[PDB]
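Single-structure report; data block below.
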Protein chains: 2
Amino acid sequence: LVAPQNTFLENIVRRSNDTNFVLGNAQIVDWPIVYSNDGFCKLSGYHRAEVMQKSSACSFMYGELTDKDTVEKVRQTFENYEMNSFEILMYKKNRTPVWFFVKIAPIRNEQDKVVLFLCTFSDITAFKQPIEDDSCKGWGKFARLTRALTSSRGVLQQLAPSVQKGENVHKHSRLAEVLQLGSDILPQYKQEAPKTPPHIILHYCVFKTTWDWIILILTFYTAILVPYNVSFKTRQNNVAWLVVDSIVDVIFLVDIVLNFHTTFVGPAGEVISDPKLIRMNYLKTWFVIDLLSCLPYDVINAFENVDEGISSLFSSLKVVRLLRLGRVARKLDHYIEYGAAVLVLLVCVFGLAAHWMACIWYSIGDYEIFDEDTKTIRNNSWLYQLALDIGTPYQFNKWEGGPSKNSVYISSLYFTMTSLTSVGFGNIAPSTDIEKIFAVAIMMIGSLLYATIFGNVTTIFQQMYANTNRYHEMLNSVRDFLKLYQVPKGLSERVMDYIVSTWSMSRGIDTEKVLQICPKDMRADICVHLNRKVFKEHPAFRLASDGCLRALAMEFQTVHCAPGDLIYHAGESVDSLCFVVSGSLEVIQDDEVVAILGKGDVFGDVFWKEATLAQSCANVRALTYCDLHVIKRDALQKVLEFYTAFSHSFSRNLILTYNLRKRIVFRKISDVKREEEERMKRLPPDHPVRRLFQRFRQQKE
Amino acid sequence: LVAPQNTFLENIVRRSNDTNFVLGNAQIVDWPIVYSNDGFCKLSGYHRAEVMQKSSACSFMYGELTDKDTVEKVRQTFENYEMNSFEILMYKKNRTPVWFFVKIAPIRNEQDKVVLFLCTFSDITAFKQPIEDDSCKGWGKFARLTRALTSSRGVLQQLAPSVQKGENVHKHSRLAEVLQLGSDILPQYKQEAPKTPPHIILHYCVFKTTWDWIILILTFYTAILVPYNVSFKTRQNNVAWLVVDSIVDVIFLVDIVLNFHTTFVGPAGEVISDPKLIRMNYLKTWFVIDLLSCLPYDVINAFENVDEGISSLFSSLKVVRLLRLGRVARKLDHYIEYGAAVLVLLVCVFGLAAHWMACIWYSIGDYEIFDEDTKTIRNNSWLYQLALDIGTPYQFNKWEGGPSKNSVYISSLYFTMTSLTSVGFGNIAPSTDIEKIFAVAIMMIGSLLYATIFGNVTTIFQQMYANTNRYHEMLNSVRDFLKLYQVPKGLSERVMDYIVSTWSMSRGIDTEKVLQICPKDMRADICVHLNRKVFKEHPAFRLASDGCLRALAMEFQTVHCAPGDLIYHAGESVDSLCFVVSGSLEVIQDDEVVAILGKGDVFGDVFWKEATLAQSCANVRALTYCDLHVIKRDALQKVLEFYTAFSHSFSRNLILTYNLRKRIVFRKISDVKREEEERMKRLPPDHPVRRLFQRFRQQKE
Ligand SMILES: *[C@@H]1O[C@H](CO)[C@@H](O)[C@H](O)[C@H]1NC(C)=O
Ligand SMILES: *[C@@H]1O[C@H](CO)[C@@H](O)[C@H](O)[C@H]1NC(C)=O
C-alpha cells in the first residue's frame, strides 16, 4: 500500500518536540486560521471551533499592554512573506497577560508559490519580566507564571535551572527547536511520495524487482548444478566453472547486504523506513540461514594450500548450497495469487525434482557396482545393465570404464522421468535391494506430484470456463422455460436473440454490481462519465451544478433497445422521461406514424408541472439499435426539490420532443375519401340520443 | 450482432452532403410533419417541438408575397404522389422573405404503398432576385442574403464564384444532389437487412461457414501428411499425390482472396462494410503469414527443369506448410464457448501430436543407424531392435533394408501413444543418447497434455452435474431439518413429495429469475402469454385494454396445488382472488361441502367494493392437481385505480363463484333428527339470561 500523499501535519508533529502552533491561509484576506493543535488550545484556553476563522496575527488575543509597533511589524512580515521571531505580550480567555515567542514561517507550494502560514508559540513569562493587573501577591503571580511555562523550562531546558544566565543559552536553545522547524516546515503541503532515507532501496522498485529475478535465476542454476557436481564428479577440471561459482557466491553476498538495507512490509505497518529496525527484523527472520548458504568454499580452499583431509571434507560441505532456494518464498507469496504462473512453477519443480532424483539414482548406481572390496561387478544394478545394452561393457588389465559421463546422466534423467510421469518404459529399471526401495519412494513421491499438477490444471480450466459456463446454463434454463410454457415460435426466438445480444455487448458484466463495488464519489464520477452524452449535448444540463449533475447521474439508467422493440405501449404508465443519445425511434398512434425521434431528442411527460401519472397516448417503437438514457420521475422530482434554483432553469430549458400525455387530432385520407363518396348517395329516433347529446354538452363545461 | 432494421434517417444523412429536410405522414389529413433535422431548424428558425404537427406544405411559413398558384401546385403534387421541384418565397420566424428550392419526394413502403413524404430545401436568395420589406440599405440586404445562403454557395458551388452564369450549371448542380437524394430517398422505411456491397461475402453466412469448415479439414489433412512426407519419404512416386497437393495449394490461394473480400467484426464496430478498409485490416493482421504458407512449391519445381541443388533445397521449404493451421484460430474463438466440443478438439490435438512425435521418432531412428561413415549398424537404436523383433534384420552384398515402410510408421505411432498416454509397454523403448532425451521431452509434454485432457473432462462432468447436485443437496438439507425438528411422519412426507413434484414439473427453473433476466416489454408479453387461460376464458377481461392486461399480467402469480392440499383455511386473511384455469376444488364450512369449483371458476372476495380485509369463512381444499391463477388485492386495486373506465366494467362482469367472506346458514340432518326425537320427551332462572337476551336484541339494531 503506497501512494502520493501530503503528510503535512505528521511531519510537523514529529519535529515539534512537544510544542504548539496554528495554520492560516496566506492568499485569503485577514489571514484566516484554519487549524490549531491541542497544545495551542491548552495554552490559549479556547476550543478549536472558536479559534478558526480568526486572524493568524491574533486580534482577539491583543489588549491594552500589547505593543502596537510589534503588531505593525508582524503585519508587515505577513504582507512580505518572511521568516521572523518576535516576543509579544497577549491575553488569554481568562485575561492573564503572557509573553509569547512567536516564530512565524511562510509555507511554499509544489507550484513554488506561497499558500499557507505557520506560527509556533512559546511562553516567556518567567523568563522575560513580571507584570500583573490583579494578583493575591508577587509570589502567587510567579507561581502562576511557572505553571504556565512548563513546556520550555520542564523538558528542553532541564539542565538550565542549575546554571545561571538562561537568556544567553537556554531560551535561545529553545528557539533553536523552532529554527529546526523552519526547515521541517518546508514540506510545502504538496501531494508527495513517501520519504525514505538514503542508502536504502524500496520494496516495490523496478531495480529491486530485477535484482530479485536475477537472484531467482541464480538459485535455479545452483539447484540444477550443485547436485550434478556432487554426483557425476567433474572434479574441477576447468577453472572457469570455479570462477563462475565464486561469482555466484559474491552475488549472493551482495544480495544479503542489500536485504539488510532494503524496506519491508508488515501486517499492520505497510511501509518500514527505520534502517536499524529493518536490520534487526532481518536478523530475527532469515539472516543466519542465508549467510550459511552463501560462503565461498572453493575460494577458501584455493589459497591456504593446506591438509588434504581438511580440503576434501570441506568440499563435501557444498551440499548446503541446495538450501539457497529459500529466496524463492518471496515470489511464491508474490505470484501465488495468479493461476497460470502456478502451473509453470509446478512444471519447473517437476523438472528440478527429476534432475535431483536422477542424480541420486546415479549416486546409488556408483555405490552399488563397487560395493565389495573383492571387486565384484555383480551381474546386476541398473548401471551395469545400461552398459551391457548401449555397448562398451567393463573389463580389466585396473578397471576400464564402460559408458560415457554425459550419456549416463541423460539415461538417469530419463529413468527418473519415467518413474515420475507414470510412463514406466523399463529399459532402465530397478533390480537390487536399495535400488528397488529408492524406486518405490520415487513412485510414491512422483504420483503425488503428478496428481498435484493435474489438480492445478483442472483448477485453471475451471477458473476460465466459469464465466461462460454459467451463461450457457442460464441460456439452457431459459430455453427449457420457453419449451415448458409453450411460448410462440417468434416471441421466444426474439427473447433468445435479446439474451444473446446482451451477452455479446456486455461480455458478461453486471454494471450495477460493478458500481456497487466502487465507493460513493468514484461511483458518482463513473455515472457522470456514462451519461456524458446526455449532459454535454442537451441545453437543460449546461446550467446545472456539479452536485446536481452527480445526483442526476446516480438515478440515470440506460437502455439498449433492439430494432422493432417498443419502449412505451399505448395505455402504459409514463413514469420516466427518456433522452435519445443515439439511434432512431418512431411514435405510432392509431397505427400511424406521428413523430420520428433521432439523436439528441427527448420524450416522456412533464412531471414537475402537471404532477400526476398519465396514460401513454401512443406506442413508441425503435427503428435501429437505439441507446436510451431514462430517469424515473420520482427520483428526478426529488432531485429538483433538492436543487430549487435549478428546477426553474430546467423547466425553462427542457422542451420535450414529444409528450406521450397529449392526444393528436387527425383523420386518415382513405376515410375522408369514403366520406366524400358517401356524400353523393343520400328525427323520430332523435329523443333517446338527444338526452345523450345534452349530457355530453353538460359534461363539456 | 445483426438484425433486420429500418435505417431510414441514417441513409438520408449519408446522402445529404450537408443539407436539410423534413418528414410528414402521407395517409394522415393535412400532411402532418413528424420530423425535422437540425439544419432545417437552423434555417427556418424554429425548435423541433413547434415545427411538428404542422402541414408539410408549410402554411405557417407563407405570407403576402408568397404566390398562391405555386402553393396550389404543391398541394396538387401532394395529392397525386409525385416527385417535383419548386422555387417558392416564404417567411421565417423573424419575418425575412426567402426563396426555397423545395425538392418534394413521396416514399413507398415494403408493402409497395406510399406512406411518408420527404421535402429537401435550399436557399435561392442571392441566386434568384432581391426583394425586401424593410432594410438599412441594399448592400445590407445583400449581405444578409449571403449569410443565409452559405450551404449551397460555400461548399458545393465553391468553383462557381469565379466563373459566370451560375444559374446555367451551379444551381442546377446543387439541385443534382437533391436528384441523387430521390434515389437515396427510396429506402421505403422498411425493416430491411444490412446493406452490403456486391463482390463481398458475409461473416456469418451458410456458404462462408461451409468454406471455413472445408479449410479446417484441409488444414488438418496438411498437418497429418506433410510431416509424413518429410520423414518417411514417399519421394513423389505417384503424381496423384502431387496433383492433390497442388489442388490444396490452389484452394488455399482462393481462400486468401476470399478473406481479402469478406466482412469483419471489431469490438466497437459489429459489422464492417468498407472493402478497402477490410483489405487493409487483413494486411495488418494475418496476410503475410498466410501467403507464406500457401505457395505451390511442387508446381514451381515441376516446370523449369533446372538445378538439382536448387530443387532439393527448395523441396525442404515444404516444412512451412505446418504453419497452415493458423486458420484454426477462427473456430477456436467460435467454439471455445461450448464445453463438449473442446474435448473433441483436445482429442484431435492429441492424435495430431502423436503423429508428429512418431514422425520425429522415425527421423531420429533414420539419423542414428547410419550416423558414421564407416557404416556401423551399432547393435542399438529402437529401429534396429524393432527389425530384430518382427523378423527381417539388416544385411549386405550395398545395404538391404529390414522392416517395411508401412509397419515402421505404425510402430512409431504406437510408441508415441505409449509415451503420451502413460501406458509405457516398452517393446519399443529409448536406448541411445539423443533418443533418450527425446523420450524424456515427449514424456514431459505428454503428461501435461494428458493432465489438460483430464481437467477438461472433469470440468465437463461438473458443468452437467451442477444443476442436479445442488437440488440433491437441497433435498438432503430439507430431510435433515425434518429429522432435527422431529416433524411428524405424514407432514414431512407430504413436504418431501411436494418438493420432488415441483422439481419434476419445473425441471429446475426459477420462473421469477427468468422473468427478471428478460427486459420490461418482453417480460410483460411473457406474463400475458402465461395467463392466456385467464384472460381469454373469463368475461371480465375481454373488454380490458392491452395496457391494462399487461399491468395485470405482471402482478398475476400462478400456483400448482396438490390433491388434498388446502389453499385458504377458515380464519386466514382473504387477500387475493384466485381464478381456476384447471382442476377441481371443494369448499368446506363446518366440515361440510358447500361448493365445488371447477374449470373457469373464481373465488376470493370483492375488495374494490367492500374495501376491508375479511376473515376466510371456510376451508378450501383441492381435489386434483389444480392450477390456480391468483392476484394480490393491493396490486389489483392499484391497477383498477389506474384504469378508471375499466374498473366499472370489471365490477359489472366479475361474479365470484363463491365469496369466502359470507357465512352460509344451514343445519345438518342428523341434528334435526335428534331434535325431532327430543321433541316427544318433555322461568325462575330466566332473569340472569333475560338481561343477556335484551343486550343481544339491543346489539341487533
Ligand atoms: C556373472 O555372469 C556371467 C555370465 O554372464 C558369469 O560367467 C559369471 O561367473 C557371473 N559372475 C559371478 C560372480 O558369478
Ligand atoms: C554387435 O553384436 C554382435 C552379436 O550380436 C557381434 O557379433 C558384433 O561384433 C557387434 N558389433 C560390433 C560393431 O561390435
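Quick note on naming: the chains in the C-alpha cells go A, B, ... in the order shown, residues restart at 1 in each chain, and ligands are numbered from 1 in order of appearance.
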
Practice task
Mind checking which residues fall within 10 Å of residue 201 (chain A), counting only C-alpha atoms, ignoring those fewer than 6 positions away in the same chain, and posting them as a PyMOL selection string?
Solution key: chain A and resi 207-208+258-259+261-263

For the residues in the current selection, export N, CA, C and O atoms as a PDB file, in the first residue's frame.
ATOM      1  N   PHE A 207      14.282  -1.740 -10.161  1.00  0.00           N
ATOM      2  CA  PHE A 207      15.640  -2.246  -9.962  1.00  0.00           C
ATOM      3  C   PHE A 207      15.618  -3.432  -9.009  1.00  0.00           C
ATOM      4  O   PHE A 207      16.243  -4.473  -9.280  1.00  0.00           O
ATOM      5  N   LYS A 208      14.892  -3.248  -7.906  1.00  0.00           N
ATOM      6  CA  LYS A 208      14.783  -4.277  -6.869  1.00  0.00           C
ATOM      7  C   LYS A 208      14.171  -5.539  -7.456  1.00  0.00           C
ATOM      8  O   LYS A 208      14.668  -6.644  -7.198  1.00  0.00           O
ATOM      9  N   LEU A 258      22.197  -6.162   0.574  1.00  0.00           N
ATOM     10  CA  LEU A 258      21.067  -5.410   0.029  1.00  0.00           C
ATOM     11  C   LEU A 258      19.825  -5.615   0.897  1.00  0.00           C
ATOM     12  O   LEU A 258      19.115  -4.669   1.186  1.00  0.00           O
ATOM     13  N   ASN A 259      19.596  -6.873   1.268  1.00  0.00           N
ATOM     14  CA  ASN A 259      18.467  -7.272   2.090  1.00  0.00           C
ATOM     15  C   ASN A 259      18.493  -6.546   3.403  1.00  0.00           C
ATOM     16  O   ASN A 259      17.423  -6.108   3.836  1.00  0.00           O
ATOM     17  N   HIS A 261      19.736  -3.634   4.096  1.00  0.00           N
ATOM     18  CA  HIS A 261      19.321  -2.256   3.837  1.00  0.00           C
ATOM     19  C   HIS A 261      17.819  -2.124   3.543  1.00  0.00           C
ATOM     20  O   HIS A 261      17.128  -1.320   4.172  1.00  0.00           O
ATOM     21  N   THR A 262      17.333  -2.928   2.590  1.00  0.00           N
ATOM     22  CA  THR A 262      16.046  -2.692   1.897  1.00  0.00           C
ATOM     23  C   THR A 262      14.800  -2.687   2.787  1.00  0.00           C
ATOM     24  O   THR A 262      14.799  -3.278   3.861  1.00  0.00           O
ATOM     25  N   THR A 263      13.739  -2.043   2.299  1.00  0.00           N
ATOM     26  CA  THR A 263      12.497  -1.844   3.061  1.00  0.00           C
ATOM     27  C   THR A 263      11.651  -3.117   3.194  1.00  0.00           C
ATOM     28  O   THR A 263      11.887  -4.107   2.498  1.00  0.00           O
TER      29      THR A 263
END

Around ligand 1, out to 12 Å and counting only C-alpha atoms and all ligand atoms, which residues are there? I want them as a tab-separated table (two decimals) with N, CA and C atoms, in the first residue's frame.
chain	number	residue	atom	x	y	z
A	369	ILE	N	27.91	-50.91	-7.75
A	369	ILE	CA	28.75	-51.80	-8.60
A	369	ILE	C	30.15	-52.11	-8.05
A	372	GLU	N	31.67	-54.16	-2.70
A	372	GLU	CA	32.61	-55.07	-2.06
A	372	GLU	C	34.06	-54.71	-2.40
A	374	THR	N	36.34	-56.98	-2.72
A	374	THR	CA	36.74	-58.03	-3.67
A	374	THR	C	36.69	-57.63	-5.15
A	375	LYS	N	35.96	-56.55	-5.45
A	375	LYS	CA	35.85	-56.00	-6.81
A	375	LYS	C	34.97	-56.90	-7.68
A	376	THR	N	33.76	-57.16	-7.19
A	376	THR	CA	32.76	-57.95	-7.90
A	376	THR	C	31.77	-57.01	-8.58
A	377	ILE	N	31.68	-57.10	-9.91
A	377	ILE	CA	30.75	-56.28	-10.70
A	377	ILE	C	29.28	-56.73	-10.52
A	378	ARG	N	29.09	-57.96	-10.04
A	378	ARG	CA	27.82	-58.48	-9.51
A	378	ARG	C	26.66	-58.75	-10.50
A	379	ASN	N	26.95	-58.73	-11.81
A	379	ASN	CA	25.96	-59.07	-12.86
A	379	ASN	C	24.62	-58.31	-12.78
A	380	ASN	N	24.60	-57.18	-12.08
A	380	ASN	CA	23.35	-56.52	-11.71
A	380	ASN	C	23.58	-55.04	-11.40
A	384	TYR	N	25.10	-51.27	-14.74
A	384	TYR	CA	25.73	-52.40	-15.44
A	384	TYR	C	24.87	-52.82	-16.62
A	385	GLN	N	23.56	-52.89	-16.38
A	385	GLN	CA	22.59	-53.26	-17.42
A	385	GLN	C	22.68	-52.29	-18.59
A	388	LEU	N	25.77	-52.82	-20.59
A	388	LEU	CA	25.60	-54.02	-21.41
A	388	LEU	C	24.80	-53.69	-22.67
A	393	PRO	N	31.01	-52.73	-22.44
A	393	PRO	CA	30.97	-53.24	-21.06
A	393	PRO	C	32.25	-52.94	-20.28

Completion exercise
Counting only C-alpha atoms, the residue among B:39, B:97, B:227, B:519 that lies closest to chain A is B:519

Practice task
Rank nothing, just name the residue among A:421, A:125, A:557, A:516 nearest to chain B, using only C-alpha atoms.
Solution key: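 Checking each of A:421, A:125, A:557, A:516 against chain B, counting only C-alpha atoms, the winner is A:421.
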
Exercise for the section: Pull out every residue of chain A that has at least one atom within 6 Å of chain B, counting only C-alpha atoms, and report them as a list in words. Expected result: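 Here they are: residues 407, 414, 422, 423, 424, 425, 454, 458, 563, 571, 572, 594, 595, 596, 623, 624, 657, 667, 668 and 669 of chain A.
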
How would the residues just chosen look if you wrote them out with C-alpha atoms as a PDB file, in the first residue's frame?
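Once written, result_15.pdb looks like this:
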ATOM      1  CA  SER A 407      25.147 -40.335 -21.687  1.00  0.00           C
ATOM      2  CA  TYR A 414      15.081 -40.463 -18.494  1.00  0.00           C
ATOM      3  CA  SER A 422       3.890 -42.898 -14.649  1.00  0.00           C
ATOM      4  CA  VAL A 423       5.078 -43.963 -18.111  1.00  0.00           C
ATOM      5  CA  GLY A 424       7.450 -46.700 -16.954  1.00  0.00           C
ATOM      6  CA  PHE A 425       9.179 -47.993 -20.060  1.00  0.00           C
ATOM      7  CA  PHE A 454      -3.324 -32.407 -12.555  1.00  0.00           C
ATOM      8  CA  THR A 458      -8.124 -28.684 -13.507  1.00  0.00           C
ATOM      9  CA  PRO A 563     -34.892  -2.862 -33.778  1.00  0.00           C
ATOM     10  CA  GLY A 571     -52.045   2.602 -22.090  1.00  0.00           C
ATOM     11  CA  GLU A 572     -48.836   2.014 -20.085  1.00  0.00           C
ATOM     12  CA  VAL A 594     -46.834  10.764 -35.699  1.00  0.00           C
ATOM     13  CA  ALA A 595     -43.214  11.532 -34.739  1.00  0.00           C
ATOM     14  CA  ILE A 596     -39.679  10.381 -35.569  1.00  0.00           C
ATOM     15  CA  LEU A 623     -36.042   1.576 -35.601  1.00  0.00           C
ATOM     16  CA  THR A 624     -32.324   0.789 -35.139  1.00  0.00           C
ATOM     17  CA  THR A 657     -39.599  16.497 -28.428  1.00  0.00           C
ATOM     18  CA  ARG A 667     -58.292  11.943 -39.849  1.00  0.00           C
ATOM     19  CA  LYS A 668     -56.988   9.363 -42.341  1.00  0.00           C
ATOM     20  CA  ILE A 669     -57.206  10.168 -46.074  1.00  0.00           C
TER      21      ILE A 669
END

Problem - DSSP-assigned alpha helix (DSSP H) among region 86-240 of chain A, expressed as number ranges by chain - result: A: 138-148, 151, 166-184, 206-232, 239-240

Practice task
Please identify all polymer residues within 10 Å of residue 412 (chain A), counting only C-alpha atoms, omitting same-chain residues fewer than 5 positions from it, and present them as a PyMOL selection string.
Solution key: (chain A and resi 354-355+357-362+365+382-383+386+407+417-418+428) or (chain B and resi 436)

For the residues in the current selection, export N, CA, C and O atoms as a PDB file, in the first residue's frame.
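result-v2.pdb, written as the output of this step:
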ATOM      1  N   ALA A 354      13.092 -34.154 -11.033  1.00  0.00           N
ATOM      2  CA  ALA A 354      13.579 -35.192 -11.941  1.00  0.00           C
ATOM      3  C   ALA A 354      15.087 -35.197 -11.952  1.00  0.00           C
ATOM      4  O   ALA A 354      15.699 -36.268 -11.867  1.00  0.00           O
ATOM      5  N   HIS A 355      15.672 -34.001 -12.040  1.00  0.00           N
ATOM      6  CA  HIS A 355      17.124 -33.831 -12.052  1.00  0.00           C
ATOM      7  C   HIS A 355      17.731 -34.430 -10.770  1.00  0.00           C
ATOM      8  O   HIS A 355      18.705 -35.223 -10.811  1.00  0.00           O
ATOM      9  N   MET A 357      16.483 -36.456  -8.482  1.00  0.00           N
ATOM     10  CA  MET A 357      16.287 -37.902  -8.318  1.00  0.00           C
ATOM     11  C   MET A 357      17.209 -38.628  -9.262  1.00  0.00           C
ATOM     12  O   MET A 357      17.747 -39.631  -8.833  1.00  0.00           O
ATOM     13  N   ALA A 358      17.438 -38.123 -10.472  1.00  0.00           N
ATOM     14  CA  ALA A 358      18.378 -38.721 -11.422  1.00  0.00           C
ATOM     15  C   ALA A 358      19.766 -38.785 -10.816  1.00  0.00           C
ATOM     16  O   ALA A 358      20.440 -39.824 -10.893  1.00  0.00           O
ATOM     17  N   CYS A 359      20.166 -37.667 -10.213  1.00  0.00           N
ATOM     18  CA  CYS A 359      21.476 -37.550  -9.566  1.00  0.00           C
ATOM     19  C   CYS A 359      21.614 -38.614  -8.471  1.00  0.00           C
ATOM     20  O   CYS A 359      22.650 -39.319  -8.383  1.00  0.00           O
ATOM     21  N   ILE A 360      20.554 -38.712  -7.670  1.00  0.00           N
ATOM     22  CA  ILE A 360      20.511 -39.667  -6.567  1.00  0.00           C
ATOM     23  C   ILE A 360      20.667 -41.098  -7.088  1.00  0.00           C
ATOM     24  O   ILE A 360      21.425 -41.893  -6.535  1.00  0.00           O
ATOM     25  N   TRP A 361      19.955 -41.384  -8.161  1.00  0.00           N
ATOM     26  CA  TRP A 361      19.967 -42.686  -8.829  1.00  0.00           C
ATOM     27  C   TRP A 361      21.384 -43.026  -9.268  1.00  0.00           C
ATOM     28  O   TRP A 361      21.865 -44.149  -9.038  1.00  0.00           O
ATOM     29  N   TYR A 362      22.030 -42.036  -9.886  1.00  0.00           N
ATOM     30  CA  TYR A 362      23.401 -42.192 -10.375  1.00  0.00           C
ATOM     31  C   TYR A 362      24.333 -42.532  -9.225  1.00  0.00           C
ATOM     32  O   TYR A 362      25.172 -43.444  -9.342  1.00  0.00           O
ATOM     33  N   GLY A 365      23.855 -46.037  -8.074  1.00  0.00           N
ATOM     34  CA  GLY A 365      24.481 -46.926  -9.051  1.00  0.00           C
ATOM     35  C   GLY A 365      25.972 -47.035  -8.788  1.00  0.00           C
ATOM     36  O   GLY A 365      26.541 -48.142  -8.773  1.00  0.00           O
ATOM     37  N   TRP A 382      21.453 -51.202 -12.197  1.00  0.00           N
ATOM     38  CA  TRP A 382      20.934 -50.605 -13.410  1.00  0.00           C
ATOM     39  C   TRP A 382      22.064 -50.166 -14.327  1.00  0.00           C
ATOM     40  O   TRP A 382      21.938 -50.299 -15.542  1.00  0.00           O
ATOM     41  N   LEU A 383      23.119 -49.615 -13.731  1.00  0.00           N
ATOM     42  CA  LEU A 383      24.232 -49.045 -14.465  1.00  0.00           C
ATOM     43  C   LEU A 383      24.879 -50.108 -15.348  1.00  0.00           C
ATOM     44  O   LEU A 383      25.150 -49.873 -16.543  1.00  0.00           O
ATOM     45  N   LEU A 386      22.729 -51.009 -18.248  1.00  0.00           N
ATOM     46  CA  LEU A 386      22.814 -49.935 -19.237  1.00  0.00           C
ATOM     47  C   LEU A 386      24.062 -50.103 -20.090  1.00  0.00           C
ATOM     48  O   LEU A 386      24.007 -49.994 -21.324  1.00  0.00           O
ATOM     49  N   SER A 407      26.243 -39.445 -21.343  1.00  0.00           N
ATOM     50  CA  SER A 407      25.147 -40.335 -21.687  1.00  0.00           C
ATOM     51  C   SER A 407      24.456 -40.833 -20.426  1.00  0.00           C
ATOM     52  O   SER A 407      23.234 -40.939 -20.406  1.00  0.00           O
ATOM     53  N   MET A 417      12.279 -39.557 -15.072  1.00  0.00           N
ATOM     54  CA  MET A 417      11.097 -39.022 -15.745  1.00  0.00           C
ATOM     55  C   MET A 417      10.035 -40.099 -15.858  1.00  0.00           C
ATOM     56  O   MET A 417       8.854 -39.843 -15.568  1.00  0.00           O
ATOM     57  N   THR A 418      10.478 -41.292 -16.261  1.00  0.00           N
ATOM     58  CA  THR A 418       9.586 -42.444 -16.415  1.00  0.00           C
ATOM     59  C   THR A 418       8.909 -42.761 -15.085  1.00  0.00           C
ATOM     60  O   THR A 418       7.688 -42.983 -15.037  1.00  0.00           O
ATOM     61  N   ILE A 428      15.759 -49.048 -18.494  1.00  0.00           N
ATOM     62  CA  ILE A 428      16.382 -48.893 -17.197  1.00  0.00           C
ATOM     63  C   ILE A 428      15.279 -49.195 -16.200  1.00  0.00           C
ATOM     64  O   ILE A 428      14.182 -48.638 -16.296  1.00  0.00           O
TER      65      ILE A 428
ATOM     66  N   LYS B 436      16.961 -40.994 -25.908  1.00  0.00           N
ATOM     67  CA  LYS B 436      16.501 -40.943 -24.515  1.00  0.00           C
ATOM     68  C   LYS B 436      16.010 -39.551 -24.169  1.00  0.00           C
ATOM     69  O   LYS B 436      14.952 -39.401 -23.547  1.00  0.00           O
TER      70      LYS B 436
END

Exercise for the section: Name all residues at most 12 Å from residue 60 (chain B) (count only C-alpha atoms; drop same-chain ones fewer than 3 positions away) and give them as a PyMOL selection string. Expected result: chain B and resi 44+46+50-57+63-64+66+90-93+95

Problem - CA of residue 42 (chain B) to CA of residue 14 (chain B), straight-line distance in Å - result: 19.0 Å

Handout entry: Close residues, residue 129 (chain A) itself excluded, 12 Å, only C-alpha atoms, min 2 positions apart in chain, as a list in words
Key =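 In the requested form, the answer reads residues 87, 88, 89, 97, 98, 99, 123, 124, 125, 126, 127, 131, 132, 141, 142, 145 and 167 of chain A.
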